[PDB]
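The structure appears right after this line, and notes come after that.
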Amino acid sequence: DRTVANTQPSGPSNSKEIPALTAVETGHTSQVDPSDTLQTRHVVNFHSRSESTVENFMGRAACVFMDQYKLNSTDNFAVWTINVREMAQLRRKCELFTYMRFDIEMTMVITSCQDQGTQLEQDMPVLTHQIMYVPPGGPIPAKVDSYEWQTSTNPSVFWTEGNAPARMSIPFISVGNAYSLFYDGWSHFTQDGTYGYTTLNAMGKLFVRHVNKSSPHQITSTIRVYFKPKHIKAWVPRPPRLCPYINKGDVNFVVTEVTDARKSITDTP
Amino acid sequence: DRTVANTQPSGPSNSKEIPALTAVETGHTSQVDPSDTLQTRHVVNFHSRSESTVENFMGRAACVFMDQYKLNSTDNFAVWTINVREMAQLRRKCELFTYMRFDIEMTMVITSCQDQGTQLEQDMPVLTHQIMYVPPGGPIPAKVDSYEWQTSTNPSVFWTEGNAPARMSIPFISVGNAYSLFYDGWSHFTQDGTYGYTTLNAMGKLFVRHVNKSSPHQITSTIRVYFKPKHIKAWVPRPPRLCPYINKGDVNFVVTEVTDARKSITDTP
Amino acid sequence: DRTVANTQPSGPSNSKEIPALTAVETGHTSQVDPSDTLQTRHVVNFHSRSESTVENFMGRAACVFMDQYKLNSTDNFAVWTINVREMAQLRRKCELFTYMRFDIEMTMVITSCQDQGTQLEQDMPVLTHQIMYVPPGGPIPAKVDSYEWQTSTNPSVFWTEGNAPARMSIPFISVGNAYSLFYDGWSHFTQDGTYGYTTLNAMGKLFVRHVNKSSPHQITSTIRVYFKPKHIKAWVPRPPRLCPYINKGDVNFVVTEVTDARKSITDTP
Amino acid sequence: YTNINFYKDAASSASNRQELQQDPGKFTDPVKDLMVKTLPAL
Amino acid sequence: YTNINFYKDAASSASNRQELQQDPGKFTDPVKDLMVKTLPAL
Amino acid sequence: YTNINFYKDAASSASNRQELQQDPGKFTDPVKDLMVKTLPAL
Amino acid sequence: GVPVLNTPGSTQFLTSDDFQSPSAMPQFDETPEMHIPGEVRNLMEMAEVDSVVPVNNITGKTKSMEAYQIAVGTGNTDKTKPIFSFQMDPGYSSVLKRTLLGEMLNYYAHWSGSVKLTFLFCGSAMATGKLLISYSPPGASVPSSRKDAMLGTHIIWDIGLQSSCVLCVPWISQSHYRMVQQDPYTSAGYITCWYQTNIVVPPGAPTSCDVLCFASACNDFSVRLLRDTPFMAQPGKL
Amino acid sequence: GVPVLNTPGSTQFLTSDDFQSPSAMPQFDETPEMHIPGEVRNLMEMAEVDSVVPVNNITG
Amino acid sequence: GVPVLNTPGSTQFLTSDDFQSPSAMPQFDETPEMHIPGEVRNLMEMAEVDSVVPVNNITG
Amino acid sequence: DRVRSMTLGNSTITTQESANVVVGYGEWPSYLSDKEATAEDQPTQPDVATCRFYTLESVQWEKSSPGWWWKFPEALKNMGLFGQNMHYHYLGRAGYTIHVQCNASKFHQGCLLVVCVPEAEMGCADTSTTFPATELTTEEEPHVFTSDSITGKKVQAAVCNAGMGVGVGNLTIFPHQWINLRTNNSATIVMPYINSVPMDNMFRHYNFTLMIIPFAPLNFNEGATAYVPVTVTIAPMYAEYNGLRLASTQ
Ligand SMILES: CCCCCCCCCCCCCCCC(=O)O
Ligand SMILES: CCCCCCCCCCCCCCCC(=O)O
Ligand SMILES: CCCCCCCCCCCCCCCC(=O)O
């Protein structure tokens, strides 16, 4: 954890050196320091760029999915395709780089609440929930009591309510050498199909359900999933997205404004 | 942990030394010991000033905030500006020094109770709570289901009822080199604005809410926050505040009495 | 952990030695052994006086206080002056010595039960309790919502029901060099005031309350406190108390009998 | 184990339950002059 | 502590939050020919 | 125990409750010129 | 799967405990420290500093500047009566309860050590006189004459160029510590002043002068038990 | 995340146990010890002392 | 049966914490790394790059 | 030891009856070091022009005078080149030496307390509103305390609380000296720079306040001089300034 560069003393100067003058058509950013154009003293800077790192910047949980399932047809379980383009808060942060490698540390929060009805007298034991990740190409359950729920090979987590939230770690599971957030191509070789990053996204599905069979009165539950990237590497920085997002699947946008309007060119508030 | 100074034997003396006589206009406090003016024996003192240290004095939790939020408009969540001038018990202790550096160890206690109504028949699962600290300048939620609640970057704590109280540690997060409890200045450079310590206090806000969506009948909860300073350093000791506090924002006071009235100058109770 | 003394072989003897004869007016207890007056064999004794030590004798919890507080005026909290003269079981054991130094290890057991009423339909969350020890001279709360409950400096313990009983350790907190169980003196220097050990007992008070504000129907709770002395030292052994206790404050008693009546002097049952 | 302290304070320690020291001479024999069992007391 | 791994898998490890390495020359100075600040650019 | 840190951060540490350092000379004796107790003040 | 057994006292919050806790902000960089003059480290340093004592706490003077003024006079009347008298007990005596030493003493329940009191004569430079100040150990009634006050710890002050004299109470107590609150078992004595000689002034000088007192602790003062101050109360939300 | 397994007998209060517990008062300084004559250490020392026996326990 | 005492702050989820967690996929083999040009490591490198400033932000 | 002589710049102060000078907290003022610096520029450091004694207006100590207070460093503006540099400079650092003079004959009695309170905050008489900035600082005359409770949009100038909500007799914790007419006639206090930040704007921040409160009332007989003046002289030391721009009209 090194510190930033210190300032060096300067004095009056009259010579043929021109640090200030430069050319911006070359594509190079000037390296002029404040000491080069002014008379400065000597100060020791101990400030460190420790929280500006990519690992620390990405090192914080963010919500990625939210859905509701009920206990009393298809409303008893929830299905989610694992994608990171559903919440704007994390989508904007992860669209500043073209390619990225990272390992997620997923966690879930599950809450339940009784539904408002005319008759509410009931006594129920504790509730249990099951979460199953179906690998790509695997069978997908069609019912709460379907045969796919017995996870002979697929992973599963059982969490009784009242305990600490569950947590799991997933490694790099991409076919390629990195995660391509932006893909400028078509799925088919005849330049047809679906244009966008959806083609490269082949992540599997997630299933949540209630282990308990039935309740005298309806009960509803909500699950929230949070992701934290770790051991992260980034490439090809990209400019931030100006326009608000419209659809998860594509990058379609509407015309917006670069900056907020001011009264005049020489208007200081 | 050293002990206090021992007493040295003394005897009768008649000489030109005058330890008792001194001048108080110089601004110096006399260093006379009991042996200097009386005949004393030799005693070994093992008493230690171990609990008079600033770190031990400040090392004890104190209540700083209390509010209520309900589960059934704006009553579903609570908003608090982080300040230490709301409880008299801790305010008096922390106003004995002008500048201080410390690291807090915050903890919270959350309790819930059903409200008295005509109909009270209900069965509810365990409850969960979320606490979010919004950094200064960050967006502030306006609804229970607002989009700010997904903490992509802000910290958050989830605590299911029935477990141990949550605890967190916060480092020195002041722009300056210390916390200025008393500030004798104005916010603006034209000697206008707000006079007091409110200008330098730029700490962020805190938000608490219920994770569960709804309940058949209304339920209310109360949160209490306790602070413990550690790794503390103090400067410029100040006299204790005599008059009781009136308002949190300023130091306005009413005229009071220095000491309790006695019957006469030579009245011994 | 050494063993008791072994027995040494003896034989017939006729001489001027008189181990049996002694004088009891001197105040000395005879040290005669069974081998001195009889013919005995040689036996090796491995018995050890390991549980007769003062530390092991005092090393067991005993009940010291019991009270009830309710949740629905002054019945919502309990006040106890810390004394060890309220339960006969521990009072008799601790009155066998005049002075004692020890460190207590207090623990509490809290139970709650609903009160019998015409209407009993209610659903309540878990309950929480707070215990506060007020140092001598400190302010005493007068209400459940009084300002003294925020323990800026006083210790406090919060225990949610369903978990393990709370436990704390307290060091030697006596002004003198030991705890004087029996004090033969008067409080005032004019031989007036209160005669007994109450003058030297200056221990602080204890406060227990319910953290939850209210319940639809009344609920009552009971707290029991147990003390275990450790690192104990004792002085001046005293004879056991024959007569049953009458009042906690003093040692007043009624005339009793030394032993149970027998039919005659030569009556063997 | 049994000799490791996880708390800095001295009162936060286990009881000393393996100590055996005795001195009955304080009460049984408080006389100033020594008395021999074989020899007559007076 | 802080350097002990209780799990065999490498993904089951804490994040690397104490690494500081920088290389701004990739973007600030992409020119093939070296440019001196004191000397004229062209 | 009592000297082992299980957390990398420095703020995630116990309070320093066994430090005793004093300097009353700052306030009791702020005079520039030295004053002797035996000798007269003025 | 290490086998562990929970012990009583778990899942509780005690105010006076030191335990490690996870940090909310990881790898935060604090601002560099700077040397700020006047760093206090112990709370007994503030107690040692001298403070003015409101001796004249009679009615009508507790909200003015006359509480700190001990009036002295030059006359033949009432020369056998005490100038002032008060209780030595620092914890609860109204005279010295609210001083700097007293304020720090009210955050604690036990105290020990010695206390020193100095007196400044605020009068004309031409005035001269003598005074007698005595400390009577507890165990007897308050002295009512100078003959009773001359049998204890006393010092004779000659007013002059020095203009100040120091009286020290040499910690006469049966036990090692006393109690800040009023208890009959542990109590201090009484402080009294008397006229050794009358005050003489030349013609053309003010007749009456004033005396001020300062109280501070010695180097052997200590406090052990920790409590809350009784001088602060909050009736409602601020 | 050290894996631990709870054993039967947890979360119970037994009177005759020796376990470390957190201290309510941290860094408290006790009064210095003093030599008080007559220190008992074992309860068999009191038993050895001679006592008068009420042999004539007849009525009255 | 090692005796342990729970501390306040247990059974909570904090966003900004680093703790080890069990892996869902044991002994998974990742694809070999490849050198991709343009690796950013700190977010101040992007700040140093020059960008055009919309000075004339007047209406229209 | 009574005599003392102080020379700074082109001004000199001589005293024949005084006590040893009191250095604030035992640290002599000095210049900022490189390691503790935060600014990036060459500070201007005038030595003789902006570091010299400046004699303020004098006041009369009457028998019923309750006291006076001054709020530096704004009171030192518009005097010499010290105030002029303040207008043109955003940041500054300085240290001060305060000398208070009050003389009387041997037939006069009275006592004065001179104390410098750092970061002293004054509360309003009306707790529900605030006072204008004119009440705290006027820069020409001393503001006077009062012996009774007052009302309005003004500071509570009661001598009992001194306007800070604390006991008047407990102000001795801060560096202080006493002026007893029988013994001494001059008090000198040296104060170092005390602030949380290394440098701060002088106009909007009041570093310290000088308060003089008569504990012993002035008394004298007929025929003695009834006009006793009190004069305060302050000299900046180690003045340093960073940041140059157009002058601020205030
Ligand atoms: C519920 C237990 C089993 C859970 C299995 C782990 C969840 C599968 C997610 C794997 C993909 C994670 C990273 C993908 C991000 C992306 O698509 O860019
Ligand atoms: C709830 C989890 C996140 C909590 C984040 C920590 C709370 C923020 C408080 C920071 C300021 C603490 C010290 C400020 C005291 C002061 O203002 O003098
Ligand atoms: C509830 C948390 C705080 C509890 C503080 C400890 C309780 C105070 C008891 C101290 C006295 C113990 C020993 C006294 C026995 C005696 O009086 O002889």
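Each chain in the structure tokens gets a letter, A, B and so on, in the order shown; residues start at 1 in every chain, and ligands are counted from 1 in the order they appear.
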
Legend entry - Long-range neighbours of residue I:48 as an MDAnalysis selection string, 8 Å cut-off, only C-alpha atoms, 2 positions minimum in chain: (chainID E and resid 24 28) or (chainID I and resid 44:46 50)

Export, as a JSON list (two decimals), in the first residue's frame, the selected residues with N, CA, C and O atoms.
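In the end it all went to selection_35.json:
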```json
[["chain", "number", "residue", "atom", "x", "y", "z"],
["E", 24, "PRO", "N", -0.83, 3.28, -15.23],
["E", 24, "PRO", "CA", -1.56, 4.24, -16.06],
["E", 24, "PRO", "C", -0.92, 4.50, -17.42],
["E", 24, "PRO", "O", -1.54, 5.17, -18.25],
["E", 28, "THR", "N", -2.66, 6.62, -20.77],
["E", 28, "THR", "CA", -2.18, 8.00, -20.84],
["E", 28, "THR", "C", -1.15, 8.18, -21.94],
["E", 28, "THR", "O", -1.14, 9.21, -22.63],
["I", 44, "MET", "N", -8.58, 4.99, -10.73],
["I", 44, "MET", "CA", -8.03, 6.32, -10.96],
["I", 44, "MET", "C", -7.33, 6.42, -12.31],
["I", 44, "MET", "O", -7.05, 7.54, -12.76],
["I", 45, "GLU", "N", -7.02, 5.28, -12.92],
["I", 45, "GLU", "CA", -6.38, 5.27, -14.26],
["I", 45, "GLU", "C", -7.37, 5.85, -15.28],
["I", 45, "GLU", "O", -6.93, 6.63, -16.14],
["I", 46, "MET", "N", -8.64, 5.47, -15.19],
["I", 46, "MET", "CA", -9.69, 6.01, -16.09],
["I", 46, "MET", "C", -9.87, 7.51, -15.86],
["I", 46, "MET", "O", -10.14, 8.22, -16.83],
["I", 50, "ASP", "N", -7.99, 12.12, -20.50],
["I", 50, "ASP", "CA", -8.64, 13.37, -20.86],
["I", 50, "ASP", "C", -9.99, 13.11, -21.51],
["I", 50, "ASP", "O", -10.15, 12.17, -22.29]]
```

Inset, instruction - Kindly work out which residues sit at most 8 Å from ligand 2, using only C-alpha atoms and all ligand atoms, and give the list as a VMD selection string. - result: (chain B and resid 82 to 84 102 to 104 106 131 to 133 154 to 157 168 to 173 179 to 181 201 to 206) or (chain G and resid 24 to 25) or (chain I and resid 14)

Convert the current residue selection to file output with C-alpha atoms, as a PDB file, in the first residue's frame.
```pdb
ATOM      1  CA  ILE B  82     -26.172  10.432  12.969  1.00  0.00           C
ATOM      2  CA  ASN B  83     -25.396  12.879  15.785  1.00  0.00           C
ATOM      3  CA  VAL B  84     -24.256  12.521  19.391  1.00  0.00           C
ATOM      4  CA  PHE B 102     -12.288   7.633  18.409  1.00  0.00           C
ATOM      5  CA  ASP B 103     -13.676   4.511  16.745  1.00  0.00           C
ATOM      6  CA  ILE B 104     -17.262   3.554  17.562  1.00  0.00           C
ATOM      7  CA  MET B 106     -22.307   0.346  17.381  1.00  0.00           C
ATOM      8  CA  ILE B 131     -30.547  -1.388   8.580  1.00  0.00           C
ATOM      9  CA  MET B 132     -28.884   0.688   5.852  1.00  0.00           C
ATOM     10  CA  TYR B 133     -26.353   3.509   6.272  1.00  0.00           C
ATOM     11  CA  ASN B 154     -23.992   0.866   0.834  1.00  0.00           C
ATOM     12  CA  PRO B 155     -23.555  -1.347   3.915  1.00  0.00           C
ATOM     13  CA  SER B 156     -26.478  -3.263   5.372  1.00  0.00           C
ATOM     14  CA  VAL B 157     -27.236  -5.651   8.231  1.00  0.00           C
ATOM     15  CA  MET B 168     -20.452  -3.374  13.913  1.00  0.00           C
ATOM     16  CA  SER B 169     -17.263  -1.312  14.038  1.00  0.00           C
ATOM     17  CA  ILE B 170     -16.702   2.008  12.262  1.00  0.00           C
ATOM     18  CA  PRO B 171     -13.309   3.746  11.815  1.00  0.00           C
ATOM     19  CA  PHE B 172     -12.357   7.437  11.904  1.00  0.00           C
ATOM     20  CA  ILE B 173     -14.420   8.936   9.071  1.00  0.00           C
ATOM     21  CA  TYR B 179     -13.899  15.629  15.686  1.00  0.00           C
ATOM     22  CA  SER B 180     -14.620  19.269  16.558  1.00  0.00           C
ATOM     23  CA  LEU B 181     -17.379  19.190  19.169  1.00  0.00           C
ATOM     24  CA  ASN B 201     -21.301  17.628  11.245  1.00  0.00           C
ATOM     25  CA  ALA B 202     -21.691  15.970   7.830  1.00  0.00           C
ATOM     26  CA  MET B 203     -22.444  12.398   8.927  1.00  0.00           C
ATOM     27  CA  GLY B 204     -24.853  10.367   6.825  1.00  0.00           C
ATOM     28  CA  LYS B 205     -28.332   9.062   7.561  1.00  0.00           C
ATOM     29  CA  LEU B 206     -29.634   5.698   8.764  1.00  0.00           C
TER      30      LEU B 206
ATOM     31  CA  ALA G  24     -18.374  -2.234   8.398  1.00  0.00           C
ATOM     32  CA  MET G  25     -15.864  -0.368   6.201  1.00  0.00           C
TER      33      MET G  25
ATOM     34  CA  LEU I  14     -23.271  -7.472   6.429  1.00  0.00           C
TER      35      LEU I  14
END
```

Report the closest atom pair, with its distance in Å rounded to one decimal, for each residue of chain B that has an atom no farther than 8 Å from chain J; count only C-alpha atoms, sort by chain and then rising residue number, and write it as a Markdown table.
```
| residue | atom | partner | partner_atom | distance |
| --- | --- | --- | --- | --- |
| B:24 | CA | J:178 | CA | 7.5 |
| B:25 | CA | J:178 | CA | 4.5 |
| B:26 | CA | J:19 | CA | 5.4 |
| B:27 | CA | J:177 | CA | 4.9 |
| B:98 | CA | J:119 | CA | 7.8 |
| B:99 | CA | J:196 | CA | 7.1 |
| B:176 | CA | J:197 | CA | 5.7 |
| B:177 | CA | J:196 | CA | 5.8 |
| B:178 | CA | J:196 | CA | 5.8 |
| B:179 | CA | J:196 | CA | 7.6 |
| B:180 | CA | J:196 | CA | 6.8 |
| B:182 | CA | J:119 | CA | 6.2 |
| B:183 | CA | J:119 | CA | 6.0 |
| B:184 | CA | J:119 | CA | 5.3 |
| B:185 | CA | J:205 | CA | 4.4 |
| B:186 | CA | J:204 | CA | 5.6 |
| B:187 | CA | J:204 | CA | 7.4 |
| B:188 | CA | J:204 | CA | 7.1 |
| B:189 | CA | J:204 | CA | 5.5 |
| B:190 | CA | J:204 | CA | 7.3 |
| B:191 | CA | J:204 | CA | 5.8 |
| B:192 | CA | J:133 | CA | 7.3 |
| B:196 | CA | J:121 | CA | 7.5 |
| B:237 | CA | J:173 | CA | 7.6 |
| B:238 | CA | J:173 | CA | 7.2 |
| B:239 | CA | J:170 | CA | 6.2 |
| B:240 | CA | J:166 | CA | 6.4 |
| B:241 | CA | J:166 | CA | 4.9 |
| B:242 | CA | J:166 | CA | 5.0 |
| B:243 | CA | J:165 | CA | 5.7 |
| B:246 | CA | J:127 | CA | 7.5 |
| B:247 | CA | J:127 | CA | 7.8 |
| B:250 | CA | J:123 | CA | 7.4 |
| B:251 | CA | J:123 | CA | 5.5 |
| B:252 | CA | J:123 | CA | 4.4 |
| B:253 | CA | J:165 | CA | 6.2 |
| B:254 | CA | J:125 | CA | 7.7 |
| B:255 | CA | J:149 | CA | 6.8 |
| B:256 | CA | J:161 | CA | 7.6 |
| B:257 | CA | J:160 | CA | 7.6 |
| B:258 | CA | J:167 | CA | 6.4 |
```

Please, could you write that set of residues out with N, CA and C atoms as a CSV table (one decimal), in the first residue's frame?
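And here's out.csv as it stands now:
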```csv
chain,number,residue,atom,x,y,z
B,24,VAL,N,-0.4,33.0,43.6
B,24,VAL,CA,-1.4,32.4,42.7
B,24,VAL,C,-1.6,33.3,41.5
B,25,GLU,N,-1.0,34.5,41.4
B,25,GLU,CA,-1.2,35.3,40.2
B,25,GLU,C,-0.3,34.8,39.1
B,26,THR,N,0.7,34.0,39.3
B,26,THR,CA,1.6,33.5,38.3
B,26,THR,C,0.8,32.5,37.4
B,27,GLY,N,-0.3,31.9,37.8
B,27,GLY,CA,-1.0,30.9,37.1
B,27,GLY,C,-0.5,29.5,37.3
B,98,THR,N,-12.4,19.4,23.6
B,98,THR,CA,-12.7,20.2,22.4
B,98,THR,C,-12.6,19.3,21.2
B,99,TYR,N,-11.5,18.6,21.1
B,99,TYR,CA,-11.3,17.7,19.9
B,99,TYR,C,-11.0,16.3,20.4
B,176,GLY,N,-11.5,16.2,8.7
B,176,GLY,CA,-10.4,16.8,9.4
B,176,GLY,C,-9.6,15.8,10.2
B,177,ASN,N,-8.6,16.3,11.0
B,177,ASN,CA,-7.8,15.5,11.8
B,177,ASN,C,-8.4,15.1,13.1
B,178,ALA,N,-9.6,15.6,13.5
B,178,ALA,CA,-10.2,15.2,14.7
B,178,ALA,C,-11.7,15.7,14.6
B,179,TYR,N,-12.5,15.2,15.6
B,179,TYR,CA,-13.9,15.6,15.7
B,179,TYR,C,-14.0,16.9,16.5
B,180,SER,N,-14.5,18.0,15.9
B,180,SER,CA,-14.6,19.3,16.6
B,180,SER,C,-16.0,19.3,17.2
B,182,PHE,N,-17.0,21.6,19.5
B,182,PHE,CA,-17.4,23.0,19.6
B,182,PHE,C,-16.8,23.7,18.4
B,183,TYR,N,-17.6,24.4,17.7
B,183,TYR,CA,-17.1,25.2,16.5
B,183,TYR,C,-17.6,26.7,16.7
B,184,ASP,N,-16.7,27.6,16.8
B,184,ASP,CA,-17.1,29.0,17.0
B,184,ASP,C,-16.9,29.7,15.6
B,185,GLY,N,-17.9,29.5,14.7
B,185,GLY,CA,-17.8,30.1,13.4
B,185,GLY,C,-19.1,30.0,12.7
B,186,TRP,N,-19.1,30.6,11.5
B,186,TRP,CA,-20.3,30.7,10.7
B,186,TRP,C,-20.0,29.9,9.4
B,187,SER,N,-21.1,29.3,8.8
B,187,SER,CA,-20.9,28.4,7.6
B,187,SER,C,-20.4,29.2,6.4
B,188,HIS,N,-21.0,30.4,6.2
B,188,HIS,CA,-20.6,31.2,5.0
B,188,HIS,C,-19.4,32.1,5.3
B,189,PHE,N,-18.7,32.5,4.3
B,189,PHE,CA,-17.6,33.4,4.4
B,189,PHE,C,-18.0,34.8,4.6
B,190,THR,N,-19.3,35.2,4.5
B,190,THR,CA,-19.8,36.5,4.8
B,190,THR,C,-20.3,36.7,6.2
B,191,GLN,N,-20.0,35.7,7.1
B,191,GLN,CA,-20.4,35.7,8.5
B,191,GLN,C,-22.0,35.6,8.5
B,192,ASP,N,-22.5,34.7,7.8
B,192,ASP,CA,-23.9,34.4,7.8
B,192,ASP,C,-24.2,32.9,7.8
B,196,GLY,N,-22.8,27.5,14.9
B,196,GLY,CA,-22.7,26.3,15.8
B,196,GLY,C,-21.9,25.2,15.2
B,237,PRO,N,-9.1,19.9,27.5
B,237,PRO,CA,-10.1,19.7,28.5
B,237,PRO,C,-11.0,20.9,28.7
B,238,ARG,N,-12.3,20.7,28.9
B,238,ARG,CA,-13.2,21.8,29.1
B,238,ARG,C,-14.0,21.6,30.4
B,239,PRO,N,-14.5,22.7,31.0
B,239,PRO,CA,-15.3,22.6,32.2
B,239,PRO,C,-16.6,22.0,31.9
B,240,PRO,N,-17.2,21.3,32.9
B,240,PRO,CA,-18.5,20.6,32.7
B,240,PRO,C,-19.6,21.6,32.6
B,241,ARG,N,-20.6,21.2,31.8
B,241,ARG,CA,-21.8,22.0,31.6
B,241,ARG,C,-22.7,22.0,32.8
B,242,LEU,N,-22.9,23.2,33.3
B,242,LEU,CA,-23.8,23.4,34.5
B,242,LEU,C,-25.3,23.3,34.2
B,243,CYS,N,-25.7,24.2,33.2
B,243,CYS,CA,-27.1,24.3,32.9
B,243,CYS,C,-27.6,23.1,32.1
B,246,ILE,N,-31.3,22.4,26.4
B,246,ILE,CA,-32.6,22.9,25.9
B,246,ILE,C,-32.9,22.3,24.5
B,247,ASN,N,-32.0,22.5,23.6
B,247,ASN,CA,-32.1,22.1,22.2
B,247,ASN,C,-30.9,21.4,21.7
B,250,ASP,N,-28.2,23.7,19.2
B,250,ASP,CA,-27.4,24.7,19.7
B,250,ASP,C,-27.1,24.5,21.2
B,251,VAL,N,-26.3,25.5,21.7
B,251,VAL,CA,-25.9,25.4,23.1
B,251,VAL,C,-26.6,26.4,24.0
B,252,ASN,N,-27.8,26.8,23.5
B,252,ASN,CA,-28.6,27.8,24.3
B,252,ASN,C,-29.0,27.3,25.7
B,253,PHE,N,-29.0,28.2,26.6
B,253,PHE,CA,-29.2,27.8,28.0
B,253,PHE,C,-29.9,28.9,28.8
B,254,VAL,N,-30.3,28.6,30.0
B,254,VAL,CA,-31.0,29.5,30.9
B,254,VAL,C,-30.1,29.7,32.1
B,255,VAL,N,-30.2,30.9,32.8
B,255,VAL,CA,-29.4,31.2,33.9
B,255,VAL,C,-29.7,30.3,35.1
B,256,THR,N,-28.7,29.7,35.7
B,256,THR,CA,-28.8,28.8,36.8
B,256,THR,C,-28.0,29.2,38.0
B,257,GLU,N,-27.9,28.4,39.0
B,257,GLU,CA,-27.2,28.7,40.2
B,257,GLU,C,-25.9,27.8,40.3
B,258,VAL,N,-24.8,28.4,40.8
B,258,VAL,CA,-23.5,27.7,40.9
B,258,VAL,C,-23.6,26.6,41.9
```

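Residues from chain H found within 9 Å of chain G are residues 2, 3, 4, 5, 6, 7, 8, 9, 10, 11, 12, 13, 19, 20, 21, 22, 23, 24, 25, 26, 28, 29, 30 and 31 of chain H, counting only C-alpha atoms.
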
Legend entry - Length of the atom CA of residue J:218 to atom CA of residue J:63 vector [Å]: 5.1 Å

Residues of chain C at most 9 Å from chain D: nearest atom pair and distance in Å, only C-alpha atoms, as a Markdown table:
```
| residue | atom | partner | partner_atom | distance |
| --- | --- | --- | --- | --- |
| C:1 | CA | D:20 | CA | 5.7 |
| C:2 | CA | D:20 | CA | 7.4 |
| C:16 | CA | D:38 | CA | 8.7 |
| C:17 | CA | D:38 | CA | 5.1 |
| C:18 | CA | D:38 | CA | 5.5 |
| C:19 | CA | D:38 | CA | 4.8 |
| C:20 | CA | D:37 | CA | 8.1 |
| C:21 | CA | D:40 | CA | 7.2 |
| C:22 | CA | D:41 | CA | 5.5 |
| C:23 | CA | D:41 | CA | 6.1 |
| C:26 | CA | D:31 | CA | 7.4 |
| C:27 | CA | D:31 | CA | 7.2 |
| C:28 | CA | D:29 | CA | 5.2 |
| C:29 | CA | D:28 | CA | 5.1 |
| C:30 | CA | D:28 | CA | 7.8 |
| C:31 | CA | D:37 | CA | 7.2 |
| C:32 | CA | D:37 | CA | 7.4 |
| C:49 | CA | D:20 | CA | 7.8 |
| C:50 | CA | D:20 | CA | 6.7 |
| C:51 | CA | D:17 | CA | 8.7 |
| C:53 | CA | D:20 | CA | 7.2 |
| C:55 | CA | D:17 | CA | 6.5 |
| C:56 | CA | D:17 | CA | 6.0 |
| C:59 | CA | D:15 | CA | 7.8 |
| C:103 | CA | D:11 | CA | 6.8 |
| C:104 | CA | D:11 | CA | 8.8 |
| C:105 | CA | D:12 | CA | 8.9 |
| C:168 | CA | D:12 | CA | 8.8 |
| C:169 | CA | D:12 | CA | 6.3 |
| C:170 | CA | D:11 | CA | 6.9 |
| C:171 | CA | D:11 | CA | 5.7 |
| C:172 | CA | D:11 | CA | 8.7 |
| C:229 | CA | D:15 | CA | 8.6 |
| C:230 | CA | D:15 | CA | 5.3 |
| C:231 | CA | D:15 | CA | 5.9 |
| C:232 | CA | D:15 | CA | 8.8 |
```

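Take atom CA of residue G:37 and atom CA of residue J:72: the distance between them is 19.1 Å.
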
Inset, instruction - List every residue of chain H that DSSP, applied to the backbone, labels as helix (DSSP H, G or I), and write the result as a ChimeraX atom specification. - result: /H:44-48

Inset, instruction - Please identify every residue of chain G that has at least one atom no more than 9 Å from any atom of chain F, counting only C-alpha atoms, and report them as a VMD selection string. - result: chain G and resid 18 to 23 25 to 28 38 to 42 44 to 46 48 to 50 161 to 162

Legend entry - Surrounding residues of residue G:234 excluding itself and chain neighbours under 2 positions, 8 Å, only C-alpha atoms, as a PyMOL selection string: (chain B and resi 88+244) or (chain C and resi 147) or (chain G and resi 232+236-237)
